[PDB]
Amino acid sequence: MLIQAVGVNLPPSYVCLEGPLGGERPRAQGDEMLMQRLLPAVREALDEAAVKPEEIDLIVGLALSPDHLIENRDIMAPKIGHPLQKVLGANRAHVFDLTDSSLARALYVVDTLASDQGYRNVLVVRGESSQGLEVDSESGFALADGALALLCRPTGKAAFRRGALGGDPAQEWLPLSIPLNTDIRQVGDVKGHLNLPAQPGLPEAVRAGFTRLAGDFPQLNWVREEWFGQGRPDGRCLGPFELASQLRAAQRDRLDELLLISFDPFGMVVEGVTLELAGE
């Protein structure tokens, strides 16, 4: 899988939460919705790669937010990939969604499908506008809000690893869940609650998992997701959106191959995908 261009658009509003799994993360405010940031992120990648929206063959989306997706903040399905196709004008494109998948796992699956079907311009998007999800105030965990656009060119040659978290190998990590809000009174109320039990050793175990998985590709530099503020400067972390700056840094340094590693809070594993990069 080749990364032609990367686009990112994050809200300027940062909200800090305390706890072992807390941190300072961007958060959508008021009536803001995901498409406000997703579209400019996509157009940024398309412009960078000199690709017109008509040329897009495939669109795959990742977004947990149950509302605040599009102009009608109340719509939850079909997923945001279809509204995006409409505003973009990607009339040749196929659209689907990989739900709670990690970005690394999605890039791997998409590289397989897109190469096998002969696609040349593929768009993988990750975004959140989580006003509709209550954060885990006990542990401090919360999703970062924003949008990430990866314009890719498939090759079918991407490698994949699904590795365990570091730390105590016998520790049963409690996974993330998003229970439904049982007492919804107004359409604007939160639709679900983030539940990730307070586990002070998790942020380092995730980092340890990243380093372990990267050991399978020692010749590759790698990029990562940071979901937690612990050990991070100012307590700030952008979750999956940390990848944008790291990817662009790899571009400035003219790297042609990379390892991208994600953290899956639902499966409590780390997943890596090998990638190619486009030069200048």
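Throughout, we count residues from 1 along the sequence that is shown. Heads up, when I say rigid core I mean the largest set of C-alphas that superpose within 1.5 Å between the two forms.
Where the structures in 4 other deposited structures of this protein are fitted on the rigid core, 78 to 86 is the one of 78 to 86 and 200 to 208 whose C-alphas sit farther from the shown form on average. Averaged as a root mean square over residues and superposed structures in 4 other deposited structures of this protein, CA distances to the shown form are larger in 183 to 191; the pair compared was 97 to 105 and 183 to 191 with a core fit. Looking at mean Cα B-factors across 159 to 167 and 199 to 207, the upper value is held by 199 to 207. The question of which stretch, 102 to 110 or 128 to 136, has the higher mean Cα B factor is settled in favour of 128 to 136.
Taking the deposited Cα B-factors for 216, 57, 242, 234, the highest one is held by 234. In this PDB entry, residue 230 carries a Cα temperature factor that places it within the highest third of its chain's modelled residues. Looking at the C-alpha B-factors along this chain, the one for residue 12 belongs to the highest third. When all modelled residues of the chain are sorted by CA temperature factor, residue 141 is found within the middle third. Compared with the other modelled residues of the chain, the Cα B-factor recorded for residue 18 ranks in the highest third. Among all modelled residues in its chain, residue 96 ranks in the lowest third by Cα B-factor.
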